[PDB]
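Next comes just one chain, in structure tokens: the form deposited in one PDB entry.
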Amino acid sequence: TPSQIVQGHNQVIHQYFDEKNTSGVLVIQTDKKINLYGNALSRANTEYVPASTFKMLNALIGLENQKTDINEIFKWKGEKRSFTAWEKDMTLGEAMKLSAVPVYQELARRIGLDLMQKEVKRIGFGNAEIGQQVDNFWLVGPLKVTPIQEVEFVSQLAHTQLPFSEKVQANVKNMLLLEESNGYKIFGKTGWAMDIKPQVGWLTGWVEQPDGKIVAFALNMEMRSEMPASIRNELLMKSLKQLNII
């Protein structure tokens, strides 16, 4: 009789990242319990630049301090943008889905360096340091945050427990819906800091199960330029299925 290799979800998710030849961690939180998966668990408590995951907090700060509203159409004023898909007028929510950096740079400059630093420190997000460059501090430093801190943050958002008004948190959640089917909802925000070394990739969000249970997640991995952006979504969805969260 031969031996049989027994693949549990811990081993499977570890090998998902190995198969992509990179280091990654997946942080899961539900019922105030955090579990770590992937092939590089030390990443969970390591600080990285948040990249576009910071758009969640940018939106919260801008709406709470009445620098914008959910119906405002941010105009494309004619510069060549990184993607043709971004060259249009759009709302905060559409810019969230597209990760349209110039919309959130315009918002960050409305907030201003002083109010932004104060609010980031009030929330206590990551190292809570934004430096002197108001339009890129989440992309190239100095702001950094751990994956555990991101799962804690996004779980509070999902439960309307952040120190913001309830309506503002509800509105930002609505900007983050990615998928609905069979009574499940998946919310989240990607990030990819391409201009630092090593590059860092994020997918932070939560699943609402059909009975209303919230299972939050923060995927964090080393990126390389040859990777398709969808690698983050692929690794997340395969892992969530292995964990029976979806």
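From 1 onward, residues are counted along the sequence shown. We call the rigid core whatever largest set of C-alpha positions still superposes within 1.5 Å between the two forms.
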| property | result |
| --- | --- |
| Higher-scoring stretch by recorded Cα B factor average, 63-71 or 37-45 | 63-71 |
| Residue stretch of maximal mean CA temperature factor, 224-232 vs 20-28 | 224-232 |
| Largest Cα B-factor, entry values, listed residues 154, 176, 145, 130 | 130 |
| Per the PDB entry, maximal CA B factor within 158, 172, 140, 100 | 140 |
| Chain-relative CA temperature factor third for residue 213 | middle |
| Residue 95 - Cα temperature factor, lowest/middle/highest third of chain | lowest |
| Position of residue 242 among the chain's modelled residues by C-alpha B-factor, lowest, middle or highest third | middle |
| B-factor third for the C-alpha atom of residue 51 within its chain | middle |
| B-factor third for the C-alpha atom of residue 135 within its chain | highest |
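Below: the form deposited in another entry, not depicted.
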query	finding
Sole residue of 82, 161, 132, 71 shifting 2 angstroms or more in CA between this form and the one not shown, core aligned	82
Threshold 2 Å Cα movement between this form and the one not shown for residue 99, core superposed	yes
Distance trend in the other form - C-alpha atoms of residue 171 and residue 89, change of 3 Å or more	closer
Cα distance between residue 203 and residue 86, which in the other form differs by 3 Å or more from this form, closer or farther	farther
